[PDB]
Amino acid sequence: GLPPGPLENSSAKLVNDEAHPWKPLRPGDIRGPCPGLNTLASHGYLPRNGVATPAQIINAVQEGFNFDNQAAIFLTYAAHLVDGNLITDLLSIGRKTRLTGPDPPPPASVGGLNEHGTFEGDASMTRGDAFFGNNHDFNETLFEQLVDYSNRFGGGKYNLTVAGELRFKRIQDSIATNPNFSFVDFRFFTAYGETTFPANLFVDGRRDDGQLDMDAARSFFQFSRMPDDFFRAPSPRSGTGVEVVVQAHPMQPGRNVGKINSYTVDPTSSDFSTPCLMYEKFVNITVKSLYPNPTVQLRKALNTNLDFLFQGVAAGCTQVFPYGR
Ligand code: HEM
Ligand SMILES: COCCCCCCCCCCCC(=O)O
Ligand SMILES: *[C@@H]1O[C@H](CO)[C@@H](O)[C@H](O)[C@H]1NC(C)=O
Ligand SMILES: *[C@@H]1O[C@H](CO)[C@@H](O)[C@H](O)[C@H]1NC(C)=O
Ligand SMILES: *[C@@H]1O[C@H](CO)[C@@H](O)[C@H](O)[C@H]1NC(C)=O
Ligand SMILES: *[C@@H]1O[C@H](CO)[C@@H](O)[C@H](O)[C@H]1NC(C)=O
Ligand SMILES: *[C@@H]1O[C@H](CO)[C@@H](O)[C@H](O)[C@H]1NC(C)=O
Ligand SMILES: [Cl-]
Ligand SMILES: [Mg+2]
């Protein structure tokens, strides 16, 4: 279906309401590395089994959290192109599942949001790097480090100052312990944006002060659960304030080269100075590598989803056509 449009009414409102109660997981229910999508599934804004269409995901992030339209479209279609089933139009917000339908041929993985190196990546705040065995479950030790950074830099609350310090700490921990640490292109951009999301979207919209308390933080990050009487943000937003996070500790994109403490800058990677290059490489390299010679029905589904992806790209970039027009 077409990408949904922006909210007709984007006011703050109760989103933890009678029609969207929190429910525990049933056997087979899928939760993944994103506490935003996990919470919408656990409140019934998304299907509770954690398998959804792109249009369902865009509608849920807007209705439940007031995520802005352009960001919703870009992230949803990027995730769907690399992790979703383009024929059935279904994406798992977590582990690979037969529930997304019959698979395309390799090398396409349709691995859900849990698939390492497509969307999900290293130096997550409350999830471990895939090298350590689990890139998707809430990690109590990592969350306690988020609390400690909130106590030291946020007076007990998570804010953009905390995000700047913790983002850099998680990069330095990955450099020191993960010999396969990768921090380039798509992951380089999304890792910085994700650290603003709690301050911009998990803060009750009646305050919208960018100060997230640790009870609310645990409720979202561990339990996929809105605080009692949670109001969504009072206007559409996503990564507002990412400039503060970067400015705290500016980093070049790069990777460890098979050893710890070997972080090597990648001059071929995009960075914040080349945002159009990030889009071009995502399409010409990442998507194309998963579908190099697609059959007629797959080509048509790719071209449709790539057009939808381009709707979320900031004005100024040129659309690229890996399968022709
Ligand atoms: C619009 C579609 C969305 C998609 C496809 C999506 C997908 C993802 C994925 C795959 C990750 C894991 C990346 C990683 O850390 O390795 C992630 C992280 C995250 N997402 Fe989402 N996301 C979306 C929207 C949102 C929204 C609306 C929120 C908040 C309301 C949110 C909050 C977060 C946070 C806080 C993290 C970082 C988790 C951590 O580092 O511990 N996301 N997202
Ligand atoms: C800096 O964090 C990035 C997280 C993305 C959140 C806002 C997505 C907005 C989509 C425009 C992207 C333009 C482009 O890709 O060239
Ligand atoms: C929009 O929704 C809010 C809160 O749900 C409501 O109070 C407000 O009156 C609505 N605006 C319009 C134009 O209906
Ligand atoms: C190691 O890094 C490569 C890309 O550089 C990635 O494709 C692979 O999945 C990574 N594996 C783990 C578990 O970190
Ligand atoms: C959580 O993260 C810590 C710190 O990286 C790690 O040592 C531990 O094995 C991870 N997993 C669990 C289940 O705690
Ligand atoms: C984070 O909280 C601390 C302590 O209240 C404060 O000094 C800092 O200005 C806050 N940062 C932001 C961006 O709100
Ligand atoms: C992407 O491919 C198009 C041709 O299809 C080309 O114009 C563009 O330069 C490519 N960009 C990159 C970064 O490879
Ligand atoms: Cl919007
Ligand atoms: Mg990760």
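Residues numbered from 1 in each chain as written, not as in the entry; some residues may be left out. Chains lettered and ligands numbered in written order. Heavy atoms only, no water.

Visitor: Can you tell me about the packing of helix 2 (residues 54-65) against helix 3 (residues 69-83), naming the residues and giving the values?
Guide: It is at 9 Å that the axes of helix 2 and helix 3 come closest, and there the two elements cross at 145°. Crossing angle aside, the handedness with which helix 2 passes helix 3 is right-handed. Only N69, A72, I73, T76, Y77 and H80 of helix 3 make contact with helix 2, whose side of the interface consists of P54, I57, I58, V61 and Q62. (Axes fitted to C-alpha atoms, helices over the stretch in contact; angles between N-to-C directions. Helix = DSSP H or I, 4+ residues; strand = E, 2+ residues; numbered from the N terminus. Left-handed = near helix turned anticlockwise from the far one by under 90°. Contact = heavy atoms within 4.5 Å.)

Visitor: Tell me about the coordination of the iron atom of ligand 1, residues and numbers included.
Guide: Note on metal geometry: ideal angles are 109.5 degrees for four donors arranged tetrahedrally and 90 or 180 degrees for six donors arranged octahedrally. If you check the protein contacts of the iron atom of ligand 1, you find one donor only, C34 (SG), at 2.5 Å. One can find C34 in the segment before helix 1 (35-42). (Donors = N, O, S within 2.8 Å, 3.2 Å for Na, K, Ca; no water.)

Visitor: Could you give an account of the UniProt feature "disulfide bond" in the protein chain, naming the residues involved and the relevant values?
Guide: Per UniProt, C276 and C317 form a disulfide, and the coordinates bear that out, putting the sulfurs 2.1 Å apart. In this pair, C276 sits in helix 9 (residues 275-290) while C317 sits in the segment after helix 10 (296-311), placing the two residues 41 residues apart along the sequence. Judged by its relative accessible area of 25%, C276 falls in the partly exposed class. Residue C317 is classed as buried on the basis of its relative accessible area of 14%. (Disulfide = S-S within 2.5 Å. UniProt positions renumbered as here; feature names shortened; annotations may be inferred. Buried < 20%, exposed > 50% of the residue type's maximum accessible area, 1.4 Å probe, protein only.)

Visitor: Which residues make up the nonpolar core, and what are the values?
Guide: Judged by nonpolar contacts, the single largest core of 79 residues is most densely connected at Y158, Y291 and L309. When residues of this core are assigned to their parent elements, the largest contribution, nine residues, is made by helix 3. (Core = buried A, V, L, I, M, F, W, Y, C linked by side-chain atoms within 4.5 Å.)

Visitor: Quick rundown of the packing of aromatic side chains? Include the residues and the values.
Guide: Scanning the model with the defined rule gives 25 aromatic pairs in all. Measuring from ring centre to ring centre gives 5.6 Å for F65 and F202, while their planes differ by 55°; the resulting arrangement is tilted. One end of the pair, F65, is in helix 2; the other, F202, is in the loop between helix 6 (185-201) and helix 7 (214-223), with 137 residues separating them in the sequence. On the accessibility criterion, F65 (4% relative accessible area) is buried. Here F202 falls in the buried class, since its relative accessible area comes to 6%. Taking 5.5 Å as the distance between ring centres and 85° as the angle between the ring planes, the aromatic pair formed by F131 and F132 counts as edge-to-face. According to the relative accessible area criterion, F132 is partly exposed, its value standing at 48%. Every member of this aromatic cluster is reached through a ring pair, and the members are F65, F138, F143, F202, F220, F221 and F230. (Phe/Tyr/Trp six-rings, centres within 6.5 Å; stacked < 30°, edge-to-face > 60°.)

Visitor: Give a detailed account of the site of ligand 4, specifying residues and quantitative values.
Guide: Ligand 4 sits among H116, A130, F131 and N180. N180 places a polar side-chain atom, nitrogen or oxygen, 2.4 Å from an oxygen atom of ligand 4. Bound to the protein, ligand 4 loses 50% of the 370 Å² it would expose on its own. Taken together, the residues of the shell around ligand 4 break down into two nonpolar, two polar and no charged. (Near = heavy atom within 4 Å. Polar contact = N/O pair within 3.5 Å; in protein donor to acceptor, adjacent residues only side chain to side chain. Areas by Shrake-Rupley, 256 points an atom, 1.4 Å probe, with all protein chains shown as cover. Nonpolar A, V, L, I, M, F, W, Y, C, P; charged D, E, K, R; others polar.)

Visitor: Please provide a residue-by-residue account of the site of ligand 2, values included.
Guide: Close to ligand 2 lie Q70, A71, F74, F189, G193, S238, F272, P275, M278, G312, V313 and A314, which account for all nearby residues. Within the contact set of ligand 2, an oxygen atom lies 3.4 Å away from a backbone nitrogen or oxygen of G193. Here an oxygen atom of ligand 2 and a backbone polar atom of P275 are 3.2 Å apart. Compared with its free state, where it exposes 480 Å², ligand 2 has 82% of that area covered by protein. Ranked by the residues each element gives to the shell around ligand 2, the list is headed by helix 3, at three residues. Residues of the shell around ligand 2, tallied by class, amount to eight nonpolar, four polar and no charged.

Visitor: Got a sec to walk through the coordination of the magnesium ion (ligand 9)? Specific residues and values, please.
Guide: Protein coordination of the magnesium ion (ligand 9) is provided by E120 (OE), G121 (O) and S124 (OG), with donor distances spanning 2.0 to 2.1 Å. Along the chain, the residues that donate to the magnesium ion (ligand 9) are spaced as E-G-x2-S. On the accessibility criterion, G121 (6% relative accessible area) is buried.

Visitor: Please provide a residue-by-residue account of the state of the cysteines, values included.
Guide: Going through the model one piece at a time under the given rule, you end up with one disulfide. Here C276 is linked by a disulfide to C317, with a sulfur-sulfur distance of 2.1 Å. In this structure the cystine formed by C276 and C317 twists about its S-S bond by roughly -85°; its chirality is therefore left-handed.

Visitor: Can you tell me about the side chain of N178, naming the residues and giving the values?
Guide: Within the secondary structure layout, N178 lies in the loop between helix 5 (160-177) and strand 3 (182-183). Residue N178 is classed as buried on the basis of its relative accessible area of 0%. Within the structure, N178 has its side chain in polar contact with the backbone nitrogen of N180 (distance 3.0 Å).

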